[PDB]
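Every read-out reported here was derived from the displayed coordinates using simple, explicitly stated rules and does not represent laboratory data. For neighbour counting, all protein chains shown are included, and Cβ atoms are generated from backbone atoms with ideal geometry for every residue, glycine included.
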Amino acid sequence: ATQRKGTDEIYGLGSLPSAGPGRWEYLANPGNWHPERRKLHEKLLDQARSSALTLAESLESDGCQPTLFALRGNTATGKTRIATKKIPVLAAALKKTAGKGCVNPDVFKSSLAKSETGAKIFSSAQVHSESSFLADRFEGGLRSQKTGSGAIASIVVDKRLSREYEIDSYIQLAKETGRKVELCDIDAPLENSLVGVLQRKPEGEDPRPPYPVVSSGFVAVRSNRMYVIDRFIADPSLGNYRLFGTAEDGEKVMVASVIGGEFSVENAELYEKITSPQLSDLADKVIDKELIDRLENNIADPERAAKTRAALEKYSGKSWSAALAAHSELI
Amino acid sequence: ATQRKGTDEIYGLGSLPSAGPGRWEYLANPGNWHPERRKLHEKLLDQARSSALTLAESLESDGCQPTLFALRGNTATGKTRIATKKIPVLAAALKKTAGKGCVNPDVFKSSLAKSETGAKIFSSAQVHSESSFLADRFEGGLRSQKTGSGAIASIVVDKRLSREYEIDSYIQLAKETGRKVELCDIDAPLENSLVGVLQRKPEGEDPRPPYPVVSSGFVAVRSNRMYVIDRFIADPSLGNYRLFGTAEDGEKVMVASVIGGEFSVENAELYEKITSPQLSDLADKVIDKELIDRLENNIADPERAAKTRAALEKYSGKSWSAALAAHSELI
Amino acid sequence: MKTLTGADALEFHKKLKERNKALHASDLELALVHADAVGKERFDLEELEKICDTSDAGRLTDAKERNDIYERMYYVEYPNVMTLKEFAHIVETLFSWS
Amino acid sequence: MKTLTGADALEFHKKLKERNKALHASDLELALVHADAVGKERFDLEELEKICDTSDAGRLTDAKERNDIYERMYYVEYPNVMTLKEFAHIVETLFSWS
C-alpha cells in the first residue's frame, strides 16, 4: 500500500497495539480483522489443516506412532533433500501433499501476499506478522488434533528451531501430547546458505531473507546445537536425533546421532566444526569471478553448478550483504 | 656419497657417537675431523665472523647500543623485507655485507654442500648437522665479541625462534652480555609459507624444507607467540617487540607491539588470528587451477604474481605435502 | 572416518562442550573490550525495548534470555554497529523474517 | 582499525591468552579421545628416544619440555600417524631442517 505498511495494519481494524501479547491478543481476535481478510484466514487454515491431516493419516497408516517430526537447521541448508531421503516414512507422506501441511511461519506468505488477486502485491516482510499469527493458530489447532483412530496426529515442524526456548517448547509440546520427537538437524556452511538464498527465485515461494537473517540464524543454530543433542542424550524416550553436515564436495553426511539412547559421532572432525559459529567478515566480501569459481570448484552436479553461477553472476561486484539485500527486495 | 650419509659421518673420523652432547662434544673436537674439512670449517667461521664484525661496526657507528636483533617467524614469512623496511639501522648495516653475518643454522649450508668443489653435491639434509654445529660455534664466538671501542658487538639472529626454550636462552644471552633485545616477529598464513618455499629455487641458497617442517614451525611459532610478548610486557628494559602480520592482499601490517614498555594492539582482529594455529587438513590439499587462481586473486604485484603461479604450476595436481617433498629433494 | 561410540563418543562430546563454552565466553569477553575501546554504546535492553520488540510476540518471556540473546548479538555479531539505535534496525529486520 | 591502548590493550591481551589456553588444552584433549578410538599407539617418550633424538643436540634438556613438545605434536599435529615408529620418521625430518 501507500508505503510498506504490514497487512496487519492494513487489514486490521482500528489502531495497532504496540506489543504482543497486546498486539498478539488483538491479532487473535477475528473482529479486529476486515471480513474479507478474516474469510481469507479461514480458507487458508482449512487448506493447511486438510494437508496436515493427510500427512497424519499417511504417517499413521505406515505404522508411525504419534510423532513431532522436527527439521532443525538454518535457511537453505538442504532440509527438503534430507527429509526426502533420510526420513522415508515422511517422504511418503509429503508426496501425497506435494510438501504441504508442515508447520512453518512462511507457509501462508505467498497466499497472503497475493490476497487472492492473482499476483504478488505485498512483500514478504509486509505479510510476515500476519502469517506468523496464522501459523501459530494452525499449530495450536494441531496440538491436540486427532486422526480417525482417535490417535494424536503426527505433525511436521520445519523451522530454523535455532534457540533453546524454541527447542524446550516443542519438547514440552511433544511430552504433553504423547508425541515422539524425530529430529533431523541439518547444517551447511554459511556461504552455502547465502548461495542457496540467491538461487531462490521470487516467482518461487521459498523465502529470500537479507544477510543478517541468514547470518544470525547460522550463529544461533550452531551455538545451540549441543544443547539440543543433550536433551536426547539425557532422555532416550524423547525420540531420536540425527545431525547431517556438509562435506567439501557439498554432500550431506551424518555427523552425530542419538538413536534409541545410543549416542555416536560418525564424523568427529565435522562435529567439532559445526557446533561453533567460527566467527573468523563475510557480509562485506565481494562476489567476484574468484569467489564464483571457488564455489563452482566443489560442485560436480551440472544443474546445480549452473544455477549456482547464474545466481551469483546476477550480483557480481556486490558484497554478500548487498546481494542478499537486493535479492530480498524483489517481489 | 654411497647413500645420503651426513657430512659429519663422511668427514668425521671414527665411529659417530649416537647422542649429542656425546655427538656434540665429538663434533666440537677438531681432531675428530679430516684436516681438509677442519680447514674448511676455519675458513667459513673467518668469513662469517668478518661479516658479523662489519655489521657490528656499522650498527655501533650509527649510534646503536649493544643489541641482539632477533627476527622471529616461520620459514618464508617475509622476514627479509620486514628487516629491510622496519629496522632501518639494521638495513643500513646488512647492505654493507649483502645480508651476510647473521646467526642462522643455514648460513654455512651452501658452502658445505659444495665443499669448495664448485657445485652442490650434498643435500641440505646431508650438511645440516655439520652446519648446525658450525653455527653454534659461530654464535659462541660472538657472545662476548667486542668492537674496536671495547663495546660488546651487536648481533643478528634470524631463526624461527619458535620455542620457549629458544626464547629464554636468547634473553639470558642478552641479559648476561649487556645486550638490548630488538625483536621483530613476522607472521604469514601457512599457505603463504608453503607458496614461499615452492618459489625458492635450488640454485638459490634459501632452504627448501618439506611440509612437516613448515607446518610444525607454523604451529609452534603461533602457539608460543604470546609468551614472547609477555617477556616484553613484564620487563620493558629487555628491549622492544613488534609483531607484523599479513593482510588479505598480502601486505605486512603491525599487529601488536611493546615499545619502551608501552603495549598496544594495532590490529585486534589479526592479533586474535595469529596467536593460535587454527588447526581447522592442508597437507593433502591438491594444487589445482582453483587453488592457484585463488592465491593469485590476492596478489597485485606482477613479478610476485608471476613467480607465484610459475612455482605452483610446476606441481599442479600434487598435494602440498607431495609438492614440498618433491621440491625439497632437488639439489 | 571411524565412528566414535560408547564412552569415547560421550567423552568427545563432553570435551567439545567445554571447548565451545570457553569459545562462547571468550567471544563476548573479547568483543566487550573492543567495544569499550571504540566507544560503542553500552548495551541496554530497556532502551532497546523502547525502540523495538524483543519478545517473539510473547513467545520469548524470560528476561534473562532476552538479555543474553540480544546483548551477545549486539557485541559479538555486530561489532561495527555503534548505537542501540542502529541495532534496532537490525533486530526489526530479524523479526520480519523466519 | 583502531589501535587498542593502555588498559584495553592489556585486557584484550589477558582475555586472548585465556582463550588460547583453553584452545590449547582442548586440542590435545580432543586428539586423545580420537586416538583411543582409532587405537593409536600410546605416546612413550623413552621408546621414541630409543629410535631418534629429541634433545636438540642437547639444546633441549628439561624432560618436562621434551615430553610436552613431542606428545602434543604426536597427538595434535599428526593424528593420522598411528605408531611411534612412524612418528620417528617425522621427528628425524624436523631435526634435519631449521
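Report yes if residue A:90 is among the aliphatic types (A, V, I, L, M), assigned to a helix (DSSP H, G or I) and surrounded by 15 or more Cβ atoms within 10 Å (Cβ to Cβ), otherwise no.
yes
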Just give me the residues in the range A:44-61 being closer than 22 Å to residue A:175 by Cα and over 22 Å from the mean Cα position of the chain (by Cα), in sequence order.
-> A:57, A:60
Go through (1) part of a helix (DSSP H, G or I); (2) more than 19 Å from residue B:177 (Cα to Cα); (3) among the charged types (D, E, K, R) one by one and return the number of the condition residue B:120 breaks.
-> (1)
Does at least one position in the range B:168-188 carry a residue that is closer than 28 Å to residue D:62 by Cβ, in a helix (DSSP H, G or I) and acidic (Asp, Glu)?
-> yes
Single match in A:163, A:179 (criterion: over 14 Å from the mean Cα position of the chain (by Cα) and at negative phi) | A:179
When every residue in the range D:57-95 that is hydroxyl-bearing (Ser, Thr, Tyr) and surrounded by fewer than 17 Cβ atoms within 10 Å (Cβ to Cβ) is compared, the one farthest from residue B:20 (Cα to Cα) is D:83
Take residue B:135 and decide whether it is of a type outside the set (S, T, N, Q), out of contact with any helix residue (DSSP H, G or I) (no Cβ under 8 Å at 6 or more places or on another chain) and within 14 Å of chain D (Cβ to nearest Cβ).
-> yes
Specify the residue that is nearest to residue A:252 (Cα to Cα); the eligible residues are those in the range A:67-116 that are β-branched (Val, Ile, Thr) and away from every other protein chain (no Cβ under 14 Å).
-> A:82
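Going by the conditions given, is residue D:38 aliphatic (A, V, I, L, M) and surrounded by fewer than 17 Cβ atoms within 10 Å (Cβ to Cβ)? Show your work before the answer.
Values: aliphatic (A, V, I, L, M): yes; surrounded by fewer than 17 Cβ atoms within 10 Å (Cβ to Cβ): yes.
Yes; evaluated as a whole, the condition is true for this residue.
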Residue hits (the range B:143-166; part of a loop (DSSP other than H, G, I, E, B), more than 16 Å from residue B:51 (Cα to Cα) and among the acidic types (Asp, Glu)) are none
